[PDB]
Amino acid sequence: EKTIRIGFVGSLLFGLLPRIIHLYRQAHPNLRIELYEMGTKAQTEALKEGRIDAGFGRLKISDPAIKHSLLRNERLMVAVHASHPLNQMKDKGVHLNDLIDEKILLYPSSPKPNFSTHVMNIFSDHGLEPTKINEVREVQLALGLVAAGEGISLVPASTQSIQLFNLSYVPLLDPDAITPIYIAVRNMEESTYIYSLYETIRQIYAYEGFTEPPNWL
C-alpha cells in the first residue's frame, strides 16, 4: 500500500504544513497522500484505529497507544482592532496582565482539551484571571470578529497569513506565551514513510532558519 493518511488541525494550514506536504509529494510521486482535518483530541483514536498514520496537533494528549514529538513552539500574538489602546504597542509588545479585563475570544469549540486550554492555563500560571471570556468556533472566525469590534483574541503567529482591514497583531512578550505544534504517531516504530515525513519537516524548518534542538525527530 502506497498510501499515507495525515490528520491535521485546520488552522495549521496557515503555517508551514502546506509547504511540508508539497515537498513530501514531490519526494514521493508514487505515494498517495490523504489529508484529513481533525482536532488534536480526535487524532488519538484516529491513530489507534489506523484511520490516520500521523497527526499534526496543537497540544500533547497522553495515551499509552500513541507517542509525540514537539516540532516547535509558535509565539502567541494578541489580535486587536486597530483602534484599541493595545495597538499602540504593536512594535513593542504587551503582556498577559495587560489583557485580563478585555473581552477575549477563545477557540475552538471542539471538545476539551483543545488549543484554548493552554491559553487559559498560562493566565492561571501567573495568578491572572480573565474576567470576560467568549468561545468561538475557530481562529479565522475570531479574527474576523475582532476586526468587527467584538473583542481581542490570543492567536498563533502563523495566523498572520490572514490580514484584514483594521486588524492588528500585537506581540505577547511573556516567554511562556507560546503554543506548541506536535506530531503524533502510534506508539511503535515509525514506518519508512513516516520517517520520510520527519525528514521533510526537518528540511522545511531548516529553510525557515530554525535551530534544531538535541535529539529532534
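Numbering starts at 1 and follows the sequence shown.
Remark: stretch with higher mean C-alpha B factor among 60-68 and 29-37 is 29-37. In this entry, the higher average B-factor at the C-alpha atoms falls on 205-213, of the pair 192-200 and 205-213. Considering 120, 76, 99, 146 together, the PDB entry gives 99 the largest C-alpha B factor. Among the modelled residues of its chain, residue 139 has a C-alpha B-factor that falls in the middle third, as given in the PDB entry.
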